[PDB]
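Now for the letters of each chain:
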Amino acid sequence: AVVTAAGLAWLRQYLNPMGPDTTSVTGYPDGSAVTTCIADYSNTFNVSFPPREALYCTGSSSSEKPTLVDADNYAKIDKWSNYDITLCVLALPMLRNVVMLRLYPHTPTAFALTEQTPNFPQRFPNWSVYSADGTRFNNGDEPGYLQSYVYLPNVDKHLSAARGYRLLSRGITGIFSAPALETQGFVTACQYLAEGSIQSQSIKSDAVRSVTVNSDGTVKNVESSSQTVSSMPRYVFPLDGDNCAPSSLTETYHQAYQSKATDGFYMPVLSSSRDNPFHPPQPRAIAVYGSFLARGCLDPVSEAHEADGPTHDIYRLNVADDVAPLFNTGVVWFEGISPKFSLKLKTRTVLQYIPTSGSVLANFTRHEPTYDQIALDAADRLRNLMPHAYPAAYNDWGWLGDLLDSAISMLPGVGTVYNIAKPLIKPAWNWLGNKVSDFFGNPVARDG
Amino acid sequence: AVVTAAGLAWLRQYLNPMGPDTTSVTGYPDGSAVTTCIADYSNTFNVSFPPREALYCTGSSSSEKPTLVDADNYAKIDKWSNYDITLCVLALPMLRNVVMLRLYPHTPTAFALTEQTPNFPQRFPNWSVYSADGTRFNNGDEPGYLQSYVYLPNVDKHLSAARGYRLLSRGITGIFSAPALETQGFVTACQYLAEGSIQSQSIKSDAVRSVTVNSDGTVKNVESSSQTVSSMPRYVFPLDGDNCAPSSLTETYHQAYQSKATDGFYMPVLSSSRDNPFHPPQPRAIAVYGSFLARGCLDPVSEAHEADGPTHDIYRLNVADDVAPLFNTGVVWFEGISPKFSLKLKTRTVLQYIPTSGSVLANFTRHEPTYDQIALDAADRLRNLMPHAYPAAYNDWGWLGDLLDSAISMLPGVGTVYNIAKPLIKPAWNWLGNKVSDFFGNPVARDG
Amino acid sequence: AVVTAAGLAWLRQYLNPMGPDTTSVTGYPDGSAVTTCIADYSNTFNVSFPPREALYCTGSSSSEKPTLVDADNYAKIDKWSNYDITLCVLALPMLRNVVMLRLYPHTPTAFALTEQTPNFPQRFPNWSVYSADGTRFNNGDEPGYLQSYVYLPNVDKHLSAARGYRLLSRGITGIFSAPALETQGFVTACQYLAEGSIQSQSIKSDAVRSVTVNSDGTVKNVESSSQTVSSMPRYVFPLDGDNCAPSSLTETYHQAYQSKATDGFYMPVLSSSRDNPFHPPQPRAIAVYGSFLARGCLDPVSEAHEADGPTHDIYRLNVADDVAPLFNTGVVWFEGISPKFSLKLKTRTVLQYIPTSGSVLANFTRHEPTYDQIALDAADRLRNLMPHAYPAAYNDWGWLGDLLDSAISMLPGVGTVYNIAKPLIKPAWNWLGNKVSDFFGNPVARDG
Amino acid sequence: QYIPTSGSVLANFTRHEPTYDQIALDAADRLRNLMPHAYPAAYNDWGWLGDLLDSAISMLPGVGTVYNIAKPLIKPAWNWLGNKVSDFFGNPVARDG
Amino acid sequence: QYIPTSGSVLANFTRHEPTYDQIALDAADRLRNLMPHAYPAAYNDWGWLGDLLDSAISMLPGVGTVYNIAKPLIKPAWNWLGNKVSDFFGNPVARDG
């Protein structure tokens with residue numbers, strides 16, 4: 001009838017993963033009655049304009065031979081560094097490979113993805129180049145953008161030795177800095193559910209064509225093996241790359257966060273469901289849904305045109321991982337950024353494990369099978385009205401917890417004891433104009 | 001603690017889509033906090049016995065060459081027109097192709113479906129013929145039935161330009177008319193959940209057989225490529241065609257609607273779940289599950305008989321669409337209908353969109369992120385006790401809303417303020433015998 | 001506002017399927033408003049050490065020729081019978097093939113499964129031998145263990161003639177007996193959700209290699225058909241075979257049951273969800289997920305190494321069935337058992353059907369569309385705190401129903417009438433030490 | 001606003017709200033001659049608008065007035081160059097950007 | 001206890017509980033000289049420990065005491081060979097194994 005302490009702690013760490021008060025770590029309040037070990041991974045990365053030494057090509061040049069550095073095509077990327085640039089970060093719900101960084105000479109119209117599988121995608125300190133025409137880059141082409149994955153190795157090590165897992169919370173902080181008189185730029189951030197699933201794309205086989213012209217050998221096996229079959233199963237994400245441009249995200253989602261570049265960002269990615277069950281680690285190749293070209297059976301056609309129906313393009317990422325289901329995909333854009341910028345990415349990922357017998361995690365187990373329906377219902381309440389992101393320095397929200405959680409905890413059903421906690425009003429998160437008001441109307445003076 | 005106005009409006013439009021009072025259009029009460037545009041499609045079609053000009057063949061005759069009219073096999077269909085006929089309408093949850101019309105010389109024992117993919121399925125004004133032996137029809141065969149799809153083009157246009165969608169409500173009205181002294185016939189209607197999913201059927205490849213008899217060429221590649229693989233993924237519906245006969249539906253479902261033909265029908269198709277999340281438009285080829293023939297591994301067998309296990313037949317519809325998940329499939333039968341009938345089909349489909357930037361829908365957005373748990377719980381309450389259909393003229397139900405919704409709104413939990421609203425009794429929808437009583441025992445005198 | 005009688009009856013039969021008081025049979029309290037027929041299957045089997053006549057080989061020896069008895073390799077199994085043995089029972093949610101029995105010379109480190117598909121898996125009275133090296137057994141090998149499936153034929157007959165089905169409850173009782181002075185041994189039991197799904201493994205095709213050396217025939221079709229495709233779809237269970245050892249299960253799950261062998265076991269398998277919808281009978285080949293070997297795209301690799309990514313091994317069971325989704329998988333181990341033991345397996349499976357018109361089930365229908373939200377919420381409450389198993393003789397629990405169900409029925413929301421029913425404390429199910437206390441602290445003196 | 005043509009796209013987004021309000025139109029005619037032609041780009045969500053400015057101006061039109069007095073109205077001074085901005089009721093406007 | 005090194009495995013299992021308790025440390029220093037060096041293998045879950053022994057010893061340290069008297073403490077006799085074992089408060093210890 002009242003929210004417990006463990007439920008409140010879980011709610012605070014779920015909504016504010018990188019808050020200063022979040023020191024203790026608590027599990028999901030479902031009373032699973034299983035031996036669990038909760039792991040907290042805090043990582044920091046300093047991303048700036050990469051040098052030539054950490055830049056590789058994804059084209060067919062690096063097909064069999066391993067990663068190849070740029071053959072001093074770095075002059076074009078220096079030309080990029082002449083003017084302002086754009087920096088996209090894309091946080092898919094993958095456990096390792098927490099975010100994908102991408103660098104553009106200028107803001108693109110869409111989050112494009114190469115149709116051919118890239119060769120040797122690079123972890124964060126190294127980058128991989130992609131051409132301007134939306135294809136993989138070989139030496140001598142025109143570079144279009146740079147891409148890298150921010151990888152957590154300890155997550156991989158611990159996921160190997162676990163019966164099951166579930167993501168408890170994840171937050172990404174974007175401390176931005178630039179030289180004086182070069183602080184111009186804008187930051188946008190948005191979360192939305194891209195519910196991926198295990199799917200296989202439709203591919204075609206090859207028909208054999210043998211013409212035996214021998215006097216006794218005249219088989220002439222002209223059989224048509226060119227039928228339509230299913231490819232290897234992959235975990236495909238329905239992220240709308242064509243609608244991932246910053247302006248579309250701002251005008252589509254009301255909780256999207258916009259501010260000046262110097263404010264940075266702080267995205268506490270949120271789950272889209274109220275139940276968070278354990279899952280066995282099942283890494284798979286990740287892919288992203290594209291769009292279809294041939295209408296196929298979308299119009300009255302014949303049998304032969306059934307096969308080439310609305311088959312959506314699947315973009316292989318050449319990255320294997322197991323994803324946290326029902327968790328939002330985040331995307332932030334830094335537009336018009338000075339090329340000599342500096343972004344301190346600080347990611348906190350807290351997730352629960354069921355240890356395997358004889359594994360390392362078995363030495364850190366913790367028996368807290370606490371249960372709290374009120375906390376879960378409050379999270380389901382709050383999911384639809386929290387902002388998608390906050391300024392990087394906006395931690396330790398006063399309204400959270402003793403007011404916001406308390407105010408939202410008595411709507412669920414009528415399971416309420418205290419008559420009235422506090423009236424709740426619609427906040428206005430206008431960081432660009434310095435007219436920010438919280439959920440209770442109290443103003444937010446700038447703390448940074 | 002009390003149902004809001006928006007929740008009541010959504011509930012009324014969800015349960016009575018074609019009610020006269022449903023003028024305003026309201027979104028799903030979940031407080032999605034997204035920019036949405038709600039589109040209402042009202043369409044009217046006059047279906048009667050088709051002439052020869054609008055009748056095409058689905059057989060291999062129209063394989064490469066486009067649709068072929070009947071080569072004056074129309075005499076047999078005129079012979080159909082000599083006696084009474086049967087008219088089935090099947091409303092699958094497909095967004096476009098709202099219903100499938102089918103014309104039979106007499107009531108079939110099951111809703112059969114051709115094993116081979118039909119050639120050029122026809123939109124409503126045109127029809128396609130299928131043979132009497134459950135196969136596709138070429139000229140010179142014996143026609144078994146006629147089939148057509150009722151297509152909504154504006155739905156396709158708007159679905160192209162949308163990040164996401166969800167079906168809000170759908171209703172189908174069946175105004176029936178016939179010449180005087182030819183009003184005999186019966187109408188049956190039933191809704192049931194056919195939860196489709198993306199599945200691929202099991203097919204076989206072709207083994208190459210090359211016999212090189214040359215003096216130096218004696219390779220003899222006899223390799224067996226004839227293995228079992230997966231076909232193209234399709235959205236498959238588990239509709240029980242073998243159990244779709246009118247009598248079985250009447251004796252299986254208590255809420256099934258039965259009446260005289262002149263009463264018509266009015267089916268407000270209902271969702272089977274309480275959550276209606278947005279989904280990205282992902283059109284796919286539609287198919288229907290059949291039944292298996294070879295038991296396979298249902299009995300102790302060897303390895304070689306693993307492949308030919310219980311593989312269910314999949315009937316390709318040669319139609320591509322994206323379906324509304326968790327929505328009931330409706331089916332109505334008009335049995336013993338005079339051949340010179342006239343059915344006015346009136347379909348109302350209201351569904352929500354997330355507009356894409358720069359699209360047409362962006363000019364009609366409407367920001368109403370209202371939330372109402374009571375309305376959703378009331379819908380979950382009511383799903384299991386509303387009739388599957390009503391007579392075509394039975395709109396503007398008095399019991400709905402201020403009594404039925406109010407009576408059902410205080411069961412959910414104990415979140416109740418008003419002590420007692422109105423006692424609820426079991427209705428008796430006996431339209432055949434004119435002994436209809438509503439949910440509160442009040443009689444229903446015939447209004448048409 | 002109060003739990004009905006039908007809801008209480010369903011809850012009692014769901015939590016205590018084999019209780020003495022469970023005489024009447026009641027359906028799921030969801031008010032489906034469908035014609036249903038509830039079938040109760042009670043079966044008894046006497047499993048002991050099999051004789052040579054009922055022992056077959058799974059290897060390639062019995063590939064085309066049917067099941068082959070052991071060519072008097074039974075001396076090694078007699079050597080097994082010299083010392084103590086181990087007996088595992090694995091209750092997957094398959095409707096028929098209720099349990100899988102397995103006999104080991106000594107406790108294994110994991111629940112291994114053969115990589116090659118076994119030939120002719122045997123129903124319970126017969127067994128099939130598997131080698132000690134985790135491979136199928138031919139005559140002359142080293143036997144590793146024996147395996148059999150306990151099959152219910154009436155379930156198959158009734159599932160054939162049904163539109164839909166759902167499992168209502170399932171319980172397995174393990175009455176254990178042994179000769180005097182040979183009662184040593186231990187019993188362990190554990191339930192956990194292994195949420196299976198329809199998946200297809202990644203396989204490879206065969207590239208054709210034709211070398212035409214004729215003077216005019218010089219085609220040289222060297223085309224590479226060796227691409228990666230999807231195999232036949234199968235229902236795959238993510239049961240952790242590597243973590244199914246008894247000790248790991250005991251140390252992982254708090255509700256796992258441990259006792260002496262003579263106590264037997266009684267596992268009332270429980271659902272993992274609160275909704276139990278009807279499903280059409282769709283038998284499929286069953287398989288079990290293994291583990292992957294090649295990391296593949298888990299590390300930065302090229303395009304050619306995308307295919308051999310983290311592809312998990314899929315172990316075909318060569319058994320076709322339709323499973324009850326969202327139901328727990330049970331596993332019990334009898335360790336250190338005297339070889340001349342005797343286990344009376346008593347399985348009770350109660351499940352609901354929607355009869356097909358003209359079928360046998362249509363003669364036993366029963367119209368009880370009762371609805372009870374409180375009972376379902378109470379089941380969701382209780383799922384996480386009931387023991388996974390009880391001693392075989394521990395039926396008719398006093399605490400159940402008028403106390404435990406009543407005590408748990410007033411937590412859900414605040415939909416509560418009676419002020420306080422009874423305080424609930426944490427039970428201690430220490431059957432090994434005879435210090436068992438129930439949910440209310442009352443001791444449990446040994447009744448057997 | 002549009003009047004949709006039959007069979008056009010707009011016909012799928014119609015909305016029947018034939019509401020009438022003479023007071024609002026008269027208030028707009030009142031206010032046209034005293035609102036500033038422009039504001040700083042960040043000066044949205046004016047506090048004085050609506051519950052004060054519209055209310056203050058809504059009782060001048062004719063004598064169709066119910067509430068005796070809403071709020072006195074004074075002449076604002078929109079001096080953005082010198083940071084001496086005062087709204088229609090004399091309250092100062094501190095710089096929000 | 002460990003202080004994890006950055007990037008090590010232990011860093012994934014840290015736990016922030018900087019609790020401080022002088023009374024517990026003083027009680028341990030109190031108790032070190034009067035606990036038996038060993039017990040029978042089956043003699044776990046001592047009844048006297050904690051709510052009596054720790055409580056009885058927790059009010060000797062200094063005079064930082066709130067509760068007037070917890071329980072008198074007497075000299076135990078751990079004679080396991082002769083089955084005449086008495087705990088710190090004189091209660092006998094019947095053989096549990």
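In the block above lies the structure referred to throughout.
Cut-offs and rules
Residues numbered from 1 in each chain as written, not as in the entry; some residues may be left out. Chains lettered and ligands numbered in written order. Part of a larger assembly, values for the part shown. Heavy atoms only, no water. Helix = DSSP H or I, 4+ residues; strand = E, 2+ residues; numbered from the N terminus. Buried < 20%, exposed > 50% of the residue type's maximum accessible area, 1.4 Å probe, protein only. Contact = heavy atoms within 4.5 Å. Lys, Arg positive; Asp, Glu negative; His and termini not counted. Charge placed at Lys NZ, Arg CZ, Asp CG, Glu CD. Rg over C-alpha atoms; globule rule 2.2 N^0.38 Å. Areas by Shrake-Rupley, 256 points an atom, 1.4 Å probe, with all protein chains shown as cover. Buried area = accessible area lost by both parts, 1.4 Å probe. Salt bridge = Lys/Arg side-chain N within 4 Å of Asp/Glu carboxyl O. Polar contact = N/O pair within 3.5 Å; in protein donor to acceptor, adjacent residues only side chain to side chain. Nonpolar A, V, L, I, M, F, W, Y, C, P; charged D, E, K, R; others polar. Pairing = 2+ DSSP bridges. Axes fitted to C-alpha atoms, helices over the stretch in contact; angles between N-to-C directions. Least-squares fit on C-alpha atoms. Patch = residues over 30% accessible without salt bridge, like charges linked within 9 Å, V, L, I, M, F, W, Y side chains within 5 Å. 1 Å grid on protein atoms, 1.4 Å probe; cavity = no way out; pocket = protein on both sides within 12 Å on 5 of 7 lines; lining within 4 Å. Points joined across faces, edges and corners; volume = space filled by probe spheres on them. Parallel < 35°, antiparallel > 145°, perpendicular 65-115°, else oblique. Left-handed = near helix turned anticlockwise from the far one by under 90°.

1. A short note on the overall build of chain D
Scanning chain D from terminus to terminus reveals two helices and zero strands. Considering only C-alpha atoms, chain D reaches an extent of 55 × 40 × 20 Å along its principal axes. Per-residue burial for chain D yields a buried fraction of 20% across its 97 residues. Contacts in chain D between residues far apart in sequence, at least 24 positions, make up 39% of those at least 6 positions apart. Considering chain D, the positive charge centre built from 7 side chains and the negative charge centre built from 9 side chains are found 8 Å apart.

2. Topic: the overall build of chain A
Helix and strand content of chain A: six helices and 18 strands. Expected size for 448 residues packed as a compact globule is a radius of gyration near 22 Å; at 25 Å, chain A falls within 12% of this value. Dimensions along the principal axes, computed over C-alpha positions, put chain A at roughly 100 × 55 × 55 Å. Buried residues in chain A amount to 60% of all 448 residues. Within chain A, residue pairs in contact and separated by at least 24 positions form 78% of the contacts whose partners lie at least 6 positions apart. When the accessible surface of chain A is summed, it comes to about 16200 Å², and 54% of that surface belongs to carbon and sulfur atoms. Taking the 33 positively charged and 41 negatively charged side chains of chain A as two groups, their mean positions are separated by 4 Å.

3. A closer look at the interface of chain C and chain A
One widely used convention gives an interface's size as the accessible area the parts lose upon coming together. Residue-level contacts link 45 residues of chain C with 57 residues of chain A. Between chain C and chain A, roughly 3900 Å² of surface is buried when both sides are summed, and carbon and sulfur atoms account for 49% of that area. For chain C, the biggest contributors to the area lost against chain A are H254, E303 and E306 of chain C; these three give 16% of the whole. For the pair chain C and chain A, the number of links is three salt bridges. Our count for the contact surface shared by chain C and chain A stands at 21 residue pairs in polar contact. At four residues, the largest contribution of residues to the side of chain C that touches chain A is made by helix 4 (residues 246–252) of chain C. Class assignment of the residues belonging to the side of chain C that touches chain A gives a composition of 16 nonpolar, 20 polar and nine charged.

4. Quick notes on the pattern of salt bridges
Throughout the structure, instances matching the rule amount to 53 salt bridges over all chains. The salt bridge partner of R348 of chain A is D40 of chain A, with a shortest N-O separation of 2.4 Å. Of the two residues, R348 of chain A sits in strand 18 (residues 342–355) while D40 of chain A sits in strand 1 (residues 37–47), which places them 308 residues apart along the sequence. Each member of the pair, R348 of chain A as well as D40 of chain A, is classed as buried. Two residues, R136 of chain A and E303 of chain C, come together in a salt bridge whose shortest N-O distance is 2.1 Å. Taken together, the positions of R136 of chain A in the loop between strand 5 (127–131) and strand 6 (143–150) and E303 of chain C in the loop between strand 15 (284–289) and strand 16 (314–321) put the pair across two chains.

5. Points about the arrangement of the chains
Structurally, chain C and chain D remain out of contact, their C-alpha atoms never closer than 36 Å. A gap remains between chain C and chain E, which never touch, and the nearest two C-alpha atoms on either side lie 12 Å apart.

6. Here we look at the sheet that holds strand 12 (residues 234–237) of chain A
Note: strands within a sheet are paired through backbone hydrogen bonds, in either parallel or antiparallel orientation. Residues and elements named next belong to chain A. Pairing within the open sheet is mixed, and its four strands lie in the order 9-12-15-16. The sheet terminates laterally at strand 9 (197–199) and strand 16 (314–321), the two strands that pair on one side only. This sheet shows a mean twist of 40° between the axes of neighbouring strands, independent of strand direction. Looking at chain direction, strand 12 and strand 15 (residues 284–289) are connected through three bridges and run parallel. Across the sheet, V236 pairs through a bridge with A287, a residue of strand 15.

7. Observations concerning the side chain of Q255 of chain B
One can find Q255 of chain B in the loop between helix 4 (246–252) and strand 13 (257–260). Among the polar contacts made by the side chain of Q255 of chain B, one reaches the main-chain carbonyl oxygen of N384 of chain B at a distance of 3.3 Å. Once residues within four sequence positions are removed from consideration, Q255 of chain B is found in contact with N384, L385, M386, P387 and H388 of chain B together with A33 of chain C.

8. Quick word on the sheet that holds strand 16 (residues 314–321) of chain B
Residues and elements named next belong to chain B. Across the sheet, four strands lie side by side as 9-12-15-16; this open sheet has mixed pairing. The open sheet is flanked by strand 9 (197–199) and strand 16, the only strands paired with a single partner. Along the sheet, successive strands turn relative to each other by an average axial angle of 40°, direction set aside.

9. As for the interface of chain B and chain D
Of the residues lining the interface, 10 residues belong to chain B; the matching set on chain D comes to five residues. Interface area for chain B against chain D, summed over the two sides, is near 800 Å², with a carbon-plus-sulfur share of 61%. Taken as a group, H158, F364 and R366 of chain B account for 51% of the area that chain B buries against chain D, more than any other trio of residues on that side. Where chain B touches chain D, the interface holds zero salt bridges. If you look at where chain B meets chain D, you find one residue pair in polar contact.

10. Observations regarding the relation of the copies chain C and chain A
Each copy superposes on the other: chain C lies on chain A with an RMSD of 0.0 Å after a rotation of 120° and an axial shift of 0.0 Å. On this basis, the relationship between the two copies can be described by a three-fold rotation axis. Nearest to the rotation axis, the C-alpha of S230 of chain C is located 3.1 Å from it, this being the minimum over chain C. When the interface residues of chain C are mapped onto chain A, a mere 13% of them again lie at the interface, so each copy presents a different face.

11. Notes on helix 1 (residues 5–15) of chain C
All names here are of chain C. For helix 1, the full list of buried residues reads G7, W10, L11, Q13, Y14 and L15. Where helix 1 is buried, its residues contact strand 7 (162–177), strand 14 (266–269), strand 18 (342–355), helix 5 (373–382) and helix 6 (404–408). The N-terminus of helix 1 is capped by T4, whose side-chain oxygen sits 3.2 Å from the backbone nitrogen of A6.

12. A few points about a nonpolar patch on the surface
Taken together, the side chains of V414 of chain A, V414 of chain B together with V414 of chain C present a nonpolar region at the surface, about 180 Å² in accessible area. With respect to the element layout, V414 of chain C can be found in the segment after helix 6.

13. Overview of empty space enclosed by the protein
If a probe the size of a water molecule is rolled over the atoms, the empty space left behind becomes visible. Here the largest cavity is characterised by a volume of approximately 320 Å³. Tallied by class, residues from the lining of the largest cavity come to 10 nonpolar, 15 polar and one charged.

14. A short note on the environment of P153 of chain B
All names here are of chain B. Within the element layout of this structure, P153 appears in helix 3 (residues 153–160). With a relative accessible area of 37%, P153 lands in the partly exposed category. For the pair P153 and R96, spaced 57 residues apart in sequence, the C-alpha to C-alpha distance is 7.3 Å.

15. Topic: the pairing of strand 12 (residues 234–237) of chain B
Residues and elements named next belong to chain B. The alternating pattern of strand 12 places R234 and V236 and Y235 and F237 on opposite faces, both of which are buried. Relative to strand 12, strand 9 is paired through three bridges, and the arrangement is antiparallel. If you follow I198 over to strand 12, its bridge partner there is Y235.

16. Structural notes on the packing of helix 1 (residues 5–15) of chain B against helix 5 (residues 373–382) of chain B
Residue and element names in this part refer to chain B. Where helix 1 meets helix 5, the axes come as close as 9 Å, and the angle between the chain directions of the two elements is 30°. One finds that helix 1 runs roughly parallel with respect to helix 5. Helix-helix and strand crossings are classified by hand; for helix 1 and helix 5 the assignment is right-handed. The residues of helix 5 that touch helix 1, namely those facing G7, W10, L11, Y14 and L15, are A375, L376, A378, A379 and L382. For the contact of helix 1 with helix 5, the per-class residue count stands at nine nonpolar, one polar and no charged.

17. What to know about unusual backbone geometry
All names here are of chain E. The phi torsion at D45 lies on the positive side, around 40°, for a residue other than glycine. Mapped onto the fold, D45 is located in the loop between helix 1 (22–31) and helix 2 (53–57). The phi dihedral of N83 falls on the positive side, at around 55°, and the residue is not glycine. Secondary-structure assignment places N83 in the segment after helix 2. Overall, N83 belongs to the exposed group, its relative accessible area being 55%.

18. Focus: the side chain of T329 of chain C
All names here are of chain C. Here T329 lies in strand 17 (residues 329–337). The class for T329 is buried, based on a relative accessible area of 0%. Excluding its chain neighbours within four sequence positions, the residues that come into contact with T329 are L90, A91, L92, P93, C190, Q191, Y192 and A194.

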